[PDB]
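The chain that follows stands alone, in the form deposited in one PDB entry, written as structure tokens.
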């Protein structure tokens, strides 16, 4: 992810088939002649899409030009959470499934995985960062405290941001419960709140290299959202 001063990010397409698939996802959603109510509503929850981009001198080098969801914040606190019970897709090989489940074997049980967070601390004027190993270390016993960490500025628990996060996730859940045409594997929610202008929060869906047509509710994604909501709700009682 490359941040551009103009309030956009450039995401380099992943190798095939992942990058092409994400391009076609955005292209389908933001299709100019799209009157599909499901896809029109979904746009609210994605980064705004500015189409494919490549350097003037390098047509080979493919990027998606996307809204930088963090742009409007002064000291953005950012958390990326992978959603779902399965991070492999319906066409994965046996080896691929094993690879994906081994990366985090609690995915079925918990239904989400914290990919990372960056938290601004007021008293130190500094950021705490957690990498992929943080979230992959979390269990049923430690997931609540693991998530809570995102909302600690080093003096208070930001229950305002927690409550706002629940409310915005709920709208995404409502979208999922009113569509049976897309299933999303290994996709994420990006959480942003203001670390320095009170209860201001972004929660957006990102990373669409494994989105597939479906005839059914995305039960795994729904489960993940429900559990994440439940965890956030309990944090409100801290």
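Rigid core: the largest C-alpha set superposing within 1.5 Å between the two forms. Positions refer to the first chain, counted from 1.
Not on display, but discussed next: the form deposited in another entry.
K.L.:
Shifts of 2 Å or more in the Cα, rigid core superposed between the shown form and the other one, apply to only one of 129, 139, 167, 132; name it.
P.N.:
The answer here is 167.
K.L.:
Once the core is aligned, does residue 82 move its Cα by at least 2 Å between the shown form and the other one?
P.N.:
Where the cores coincide, residue 82 shows only a C-alpha shift between the shown form and the other one that is less than 2 Å.
K.L.:
Checking residue 56 here: with the core superposed, does its CA move 2 Å or more between the shown form and the other one?
P.N.:
Superposed on the core, residue 56 moves its C-alpha 2 Å or more between the shown form and the other one.
K.L.:
For residue 179, decide whether the Cα shift between the shown form and the other one is 2 Å or greater, given a superposition on the rigid core.
P.N.:
Where the cores coincide, residue 179 still shows a C-alpha shift between the shown form and the other one that is 2 Å or more.
K.L.:
Do the C-alpha atoms of residue 82 and residue 165 sit closer or farther apart in that other deposited form than they do here, given a shift of 3 Å or more?
P.N.:
Relative to the displayed form, residue 82 and residue 165 move farther apart in that other deposited form - a change of at least 3 Å between their C-alphas.
K.L.:
Compared with this form, is the residue 161-residue 113 Cα separation smaller or larger in that other deposited form, the difference being 3 Å or more?
P.N.:
Those two alpha carbons end up farther apart in that other deposited form.
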